[PDB]
Amino acid sequence: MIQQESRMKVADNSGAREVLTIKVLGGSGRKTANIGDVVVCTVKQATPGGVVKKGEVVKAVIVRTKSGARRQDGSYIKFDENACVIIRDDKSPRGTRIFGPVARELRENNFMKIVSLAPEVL
Amino acid sequence: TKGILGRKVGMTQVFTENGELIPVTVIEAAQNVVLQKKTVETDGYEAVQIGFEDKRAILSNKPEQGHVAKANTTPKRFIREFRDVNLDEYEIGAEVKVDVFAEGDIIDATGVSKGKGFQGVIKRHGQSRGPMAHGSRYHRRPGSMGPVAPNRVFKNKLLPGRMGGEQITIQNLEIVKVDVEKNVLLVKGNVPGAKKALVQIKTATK
Amino acid sequence: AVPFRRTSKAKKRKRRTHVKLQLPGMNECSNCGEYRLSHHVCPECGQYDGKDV
Amino acid sequence: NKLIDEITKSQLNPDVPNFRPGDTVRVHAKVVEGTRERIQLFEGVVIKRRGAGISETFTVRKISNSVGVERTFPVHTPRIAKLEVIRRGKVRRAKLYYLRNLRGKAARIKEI
Amino acid sequence: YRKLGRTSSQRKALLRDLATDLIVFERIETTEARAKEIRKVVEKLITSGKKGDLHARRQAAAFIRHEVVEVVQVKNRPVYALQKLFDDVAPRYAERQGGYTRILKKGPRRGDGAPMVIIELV
RNA sequence: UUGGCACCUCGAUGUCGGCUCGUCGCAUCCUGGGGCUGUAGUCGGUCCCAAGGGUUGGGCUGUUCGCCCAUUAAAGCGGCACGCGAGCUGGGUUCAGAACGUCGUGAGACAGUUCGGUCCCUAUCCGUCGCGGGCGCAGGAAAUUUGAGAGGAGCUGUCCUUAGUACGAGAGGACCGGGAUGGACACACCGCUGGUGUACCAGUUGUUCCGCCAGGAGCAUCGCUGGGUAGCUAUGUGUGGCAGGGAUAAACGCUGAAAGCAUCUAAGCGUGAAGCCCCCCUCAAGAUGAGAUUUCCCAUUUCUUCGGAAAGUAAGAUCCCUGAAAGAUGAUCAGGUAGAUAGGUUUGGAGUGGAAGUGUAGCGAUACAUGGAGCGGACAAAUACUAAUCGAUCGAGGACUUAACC
Ligand SMILES: [Mg+2]
Ligand SMILES: [Mg+2]
Ligand SMILES: [Mg+2]
Ligand SMILES: [Mg+2]
Ligand SMILES: [Mg+2]
Ligand SMILES: [Mg+2]
Ligand SMILES: [Mg+2]
Ligand SMILES: [Mg+2]
Ligand SMILES: [Mg+2]
Ligand SMILES: [Mg+2]
Ligand SMILES: [Mg+2]
Ligand SMILES: [Mg+2]
Ligand SMILES: [Mg+2]
Ligand SMILES: [Mg+2]
Ligand SMILES: [Mg+2]
Ligand SMILES: [Mg+2]
Ligand SMILES: [Mg+2]
Ligand SMILES: [Mg+2]
Ligand SMILES: [Mg+2]
Ligand SMILES: [Mg+2]
Ligand SMILES: [Mg+2]
Ligand SMILES: [Mg+2]
Ligand SMILES: [Zn+2]
């Protein structure tokens with residue numbers, strides 16, 4: 001449950017360490033974004049010598065949240081921290097590796113490329 | 001187009017064959033009896049009058065006892081009409097069992113919403129609070145009553161007032177399970193009312 | 001904030017149509033032979049109707 | 001209620017073992033993706049167990065790849081093939097929310 | 001349950017005071033709202049009495065006030081409200097399943113019109 | 001809008017911007033329909049019809065405005081005392097302090113700057129939102145209702161497929177239709193996920209008390225901390241908008257004369273919008289035009305000039321009492337021994353998490369056992385133990401005329 005000014009750990013190789021959510025895409029007065037939703041965001045902390053630089057405006061897909069997600073089987077999944085992965089125009093990651101566990105909901109929103117790289121998909 | 005009266009027992013959940021988990025309202029509809037058939041000749045419109053749960057004799061009056069007599073039944077707590085139904089189906093004094101509905105059937109639940117009492121415009125009309133800090137003395141207030149020129153307030157300036165206890169119709173609720181021996185319908189999702197509320201289940205107009 | 005016009009006698013009297021007391025709910029006793037509030041103990045007999053206390 | 005108990009009694013899973021919060025369980029969760037059906041184990045400590053009857057849920061917490069993941073199931077879901085209690089836990093309360101606020105070496109539950 | 005125009009501690013103090021008075025005097029004159037709360041609290045104390053265990057004695061002793069009822073004379077030992085609840089009052093409702101109190105309506109009080117009731121045991 | 005005028009208000013019409021709440025116009029920003037196009041296609045342009053709904057989060061500026069970031073189907077323009085200060089703010093403006101620049105011999109001044117700088121009012125009437133009492137409605141009642149009329153609702157994206165088809169030299173690339181899935185908004189509800197939960201459970205500090213120990217109680221924000229039932233709840237869940245019909249707008253036509261032809265028009269047909277009227281939801285017979293159906297009670301007594309009056313009643317309702325699913329109060333609904341209405345009691349349940357006492361081990365802090373124990377507001381069922389005793393009060397006897405049939 002991520003809104004404008006929410007910060008997120010970046011879970012990939014792409015230099016970026018922390019992003020700040022500029023906009024939740026996909027609707028006029030859309031306030032909140034959940035796992036699998038794309039956001040526009042600016043890179044606030046950056047690993048020196050990376051692909052993506054501090055103060056750059058990029059698209060990221062939210063891959064885990066503290067709010068988590070309700071499955072249709074009645075089960076839920078929550079995580080300890082909010083992480084996104086920086087993507088391109090097409091839903092493909094700028095980084096080459098994804099860190100930490102990723103939610104299955106990515107396998108439903110056409111983010112197969114990311115689910116492929118995740119060490120554990122819960 | 002079928003219909004039946006029941007009491008909301010409460011909510012719970014059931015696992016579908018698929019394996020999915022859905023929330024359900026349980027509606028107990030024992031003791032539905034057809035009391036009266038209204039025709040275009042006699043009353044001016046077609047309807048069937050259905051009486052629901054049995055009421056102790058001392059809680060009924062002679063006018064009531066004399067109206068159920070025609071259907072050879074004890075007096076009933078609730079009596080409602082159903083329009084848009086085939087009067088050929090339904091005989092005076094017949095039971096109306098929940099088997100009139102199957103699984104997958106799509107119904108419209110009508111009932112009275114829970115009473116909230118005197119409420120303000122934030123809860124009753126979903127208005128915005130004024131600021132809580134920065135020196136504000138304007139929190140849960142209804143906003144300008146309108147412009148100066150009319151020298152009056154327009155109708156439908158929404159204000160505080162008694163909030164719930166209104167007739168509400170939720171449309172397109174799937175029936176999930178029908179249990180005749182217990183006279184129970186499981187409707188997917190929730191219907192208006194407190195537990196024990198009268199709920200009117202008719203086939204969906206749409 | 002303040003009355004624009006004084007309220008007339010007729011208008012004041014109409015407002016008070018409802019400002020009034022209701023008669024007490026009371027009946028005569030059997031023992032006492034005197035009046036009492038229903039569902040209260042009768043202090044003339046010094047008991048609850050005929051039931052001694 | 002009593003009628004809601006009678007209606008739901010058939011849906012109750014009798015196989016479900018006896019676990020308390022603090023026990024390390026291994027949930028054999030069915031993962032339904034299209035038509036193919038796959039089994040995915042989730043082993044962690046039972047953090048909470050709330051509700052009555054068919055509405056009972058429990059929450060298993062594991063630390064996966066350094067990130068905490070909580071997984072809440074209905075106790076009587078048919079999408080749990082099997083629930084194994086791996087180790088009984090000596091805890092002193094019903095909800096182990098305190099296991100969210102500290103990392104390694106201070107979260108190892110005392111084993112009986 | 002009734003807030004009796006008191007905070008939580010004041011109310012708990014008032015219910016302890018009235019309960020003990022009802023156990024000590026077997027008949028008290030109080031307001032209707034007070035009397036409708038007391039009947040709950042006193043009938044639970046009488047239940048603990050009938051239980052008769054040390055545990056039950058210690059539940060009642062956590063609520064009942066430490067008031068001397070009387071001084072009997074054996075060396076004159078005083079008898080406390082708690083002893084009168086386990087030795088005198090409870091055992092006289094040994095074959096009565098509940099309903100140890102009765103509220104009689106008396107009439108309104110001169111000073112504030114408060115509806116007054118007699119609440120008594122049996 | 002910039003102005004002109006000085007007609008209301010100087011025994012006060014007291015304020016720019018923002019906030020809250022909107023409502024109206026259409027000169028339409030989006031969405032709908034159409035004509036023309038420098039309309040091949042795509043993407044556009046322009047005009048006509050169209051006001052149903054919709055029409056955003058930030059940074060900078062006191063700023064309206066503007067500029068910018070990022071979105072969106074779109075980020076419309078206006079009116080309403082530049083809408084709305086007895087609704088709010090008080091940043092700007094607008095007072096006494098002070099300083100800078102500037103002008104002045106000076107006191108001072110400047111619609112240059114700068115820092116600081118009291119926001120009053122218990123709602124009488126109308127109005128608005130809710131909620132009762134009265135009477136009316138040609139007998140009195142209890143239910144069930146029709147719907148004159150009113151309110152609400154009315155939005156829209158992306159993806160896949162048709163199809164790399166139609167079109168085109170290529171580049172590119174559809175209409176129409178079919179499917180899936182969203183955003184915003186709305187209604188309901190608490191099973192789920194969470195929130196709260198001050199008479200629920202536990203841990204714990206200080207100090208006072210319960211004579212002492214053990215066990216408890218008071219106070220310290222509910223002392224603090226960890227949980228949490230009922231209820232109430234959103235960020236949670238369910239559902240909705242739709243489709244459809246009728247008549248139309250702009251527009252396209254058909255048939256067709258005046259005017260042997262032509263002509264959408266004069267007669268006459270048809271097609272045709274998110275709009276209009278239905279459809280959907282809610283209120284609704286004070287609809288005084290007071291409607292309908294079913295059922296109940298019956299035509300009493302006394303005097304009275306006929307008129308009518310008075311009195312006890314019927315069916316029925318109330319007072320009073322127990323209450324909650326209802327509630328400011330009235331009201332509503334559940335009950336009043338023809339009894340489960342509340343409390344208690346018994347058995348459960350949630351919740352807490354292992355009571356006290358005793359024993360065992362340990363030097364001890366403590367641990368283990370007895371024993372998922374003890375406790376357990378509001379939840380469930382049973383139970384007449386307590387209280388809903390007893391009474392009383394109100395409430396018909398049905399006008400006349402005419403017509404068809406009694
Ligand atoms: Mg209520
Ligand atoms: Mg706001
Ligand atoms: Mg305030
Ligand atoms: Mg006017
Ligand atoms: Mg205190
Ligand atoms: Mg002049
Ligand atoms: Mg004046
Ligand atoms: Mg126009
Ligand atoms: Mg600004
Ligand atoms: Mg203005
Ligand atoms: Mg202002
Ligand atoms: Mg004014
Ligand atoms: Mg000078
Ligand atoms: Mg200033
Ligand atoms: Mg007034
Ligand atoms: Mg009218
Ligand atoms: Mg909930
Ligand atoms: Mg202490
Ligand atoms: Mg001690
Ligand atoms: Mg002190
Ligand atoms: Mg022609
Ligand atoms: Mg047509
Ligand atoms: Zn008497």
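Naming convention: chains lettered A, B, ... in sequence-line order (proteins, then strands); numbering from 1 in each chain.
Annotated as not stacked: the bases of F:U15 and F:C16, by the 5.5 Å centre and 30° plane rule. Using a cut-off of 5.5 Å between ring centres and 30° between planes, the six-membered base rings of F:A299 and F:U300 fail to qualify as stacked. Base stacking between F:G339 and F:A340 is absent, since the six-membered rings fail either the under 5.5 Å centre distance or the under 30° plane angle. Under the 5.5 Å centre and 30° plane thresholds, the six-membered base rings of F:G157 and F:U158 are judged to be stacked. For the consecutive pair F:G38/F:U39, the pyrimidine-type rings do not sit with centres less than 5.5 Å apart and planes less than 30° apart, so they do not qualify as a stack.
Residue E:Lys44 has a polar side-chain atom (N or O) positioned under 4.0 Å from OP1 or OP2 of F:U345. For E:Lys36 and F:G323, the shortest distance from a side-chain N or O to OP1 or OP2 is below 4.0 Å. Dashed line: the shortest gap from a side-chain N or O of B:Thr169 to OP1 or OP2 of F:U282 is under 4.0 Å. Look at B:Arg77 and you'll find a side-chain N or O under 4.0 angstrom from OP1 or OP2 of F:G335. Contact check, B:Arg137 against F:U89: a side-chain N or O comes under 4.0 Å of OP1 or OP2. For B:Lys70, a side-chain nitrogen or oxygen approaches OP1 or OP2 of F:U295 to under 4.0 Å. Under 4.0 angstrom from either OP1 or OP2 of F:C160 there lies no side-chain N or O belonging to A:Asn110. Of the side-chain N and O atoms in E:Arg58, one or more sit less than 4.0 angstrom from OP1 or OP2 of F:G357. Taking side-chain N and O atoms only, A:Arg30 has no distance below 4.0 Å to OP1 or OP2 of F:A184. Remark: E:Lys12 is not in phosphate contact with F:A217, judged by side-chain N or O atoms under 4.0 Å from OP1 or OP2. Side-chain nitrogen and oxygen atoms of E:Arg96 include none within less than 4.0 Å of the OP1 or OP2 phosphate oxygen of F:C385.
Under the Watson-Crick and G-U wobble criteria, each requiring two contacts below 3.5 Å, nucleotide F:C405 is left unpaired. Base pairing of F:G32 is made with F:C49, judged by Watson-Crick or G-U wobble geometry with both donor-acceptor distances under 3.5 Å. For F:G182, the paired nucleotide is F:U156, the pair qualifying as Watson-Crick or G-U wobble because both relevant distances are below 3.5 Å. Pair check for F:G270 finds F:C252; Watson-Crick or G-U wobble, both atom distances under 3.5 Å. F:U347: Watson-Crick or G-U partner is F:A380, with both key distances under 3.5 Å. Across the strands present, F:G62 finds no partner; the criterion is a Watson-Crick or G-U wobble pair with both atom distances under 3.5 angstrom. In this entry F:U366 has F:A361 as its Watson-Crick or G-U wobble partner, both defining distances falling under 3.5 Å. Nucleotide F:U302: paired with F:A309 (Watson-Crick or G-U wobble, both distances less than 3.5 Å).
Residues D:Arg20 and D:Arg49 have side chains not in contact (no heavy-atom distance under 4.5 Å, counting atoms from C-beta outward). Using a 4.5 Å heavy-atom cutoff, the side chains of E:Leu104 and E:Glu120 are in contact. Between A:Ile2 and A:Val24 the shortest side-chain heavy-atom distance does not fall below 4.5 Å.
Nucleotides F:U237 and F:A188 meet the pairing criterion: a Watson-Crick or G-U wobble pair with both donor-acceptor distances under 3.5 Å. Pairing check for F:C43 against F:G53: the Watson-Crick or wobble criterion is not satisfied at the 3.5 Å limit.
Nucleotide F:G194 holds its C1' atom 13 Å from the NZ atom of A:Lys66, rounded to whole Å. The separation between C:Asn27 atom CG and F:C321 atom P is 12 Å, rounded to whole Å.
Of the residues in residues 107-115 of chain B, B:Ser113, B:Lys114, B:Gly115 come within less than 4.0 Å of RNA chain F through at least one heavy atom, sorted by number.
With ring centers used as reference points, E:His66 lies under 6.0 Å from E:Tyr80.
With E:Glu37 contributing its side chain and E:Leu15 its backbone, the two residues share no donor-acceptor pair below 3.5 Å.
Ion pair E:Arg39/E:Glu43 not flagged as a salt bridge, since none of the NZ, NE, NH1 or NH2 atoms sits closer than 4.0 Å to an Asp/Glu carboxylate oxygen. Between B:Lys38 and B:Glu81 a salt bridge is recorded (basic side-chain N to carboxylate O distance below 4.0 Å).
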Restricting both atoms to N or O, compile the protein contacts to nucleotides 82-85 of chain F shorter than 3.5 Å, with distance only.
| residue | atom | partner | partner atom | Å |
| --- | --- | --- | --- | --- |
| F:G83 | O2' | B:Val148 | N | 3.3 |
| F:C84 | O2' | B:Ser144 | OG | 2.8 |

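Among the atoms of the strands shown, only primed sugar atoms or phosphate atoms (P, OP1, OP2) are found under 4.0 Å from some heavy atom of B:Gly193.
Stacking here means ring centres nearer than 5.5 Å and ring planes tilted less than 30 degrees, and by that measure E:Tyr1 stacks onto F:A378.
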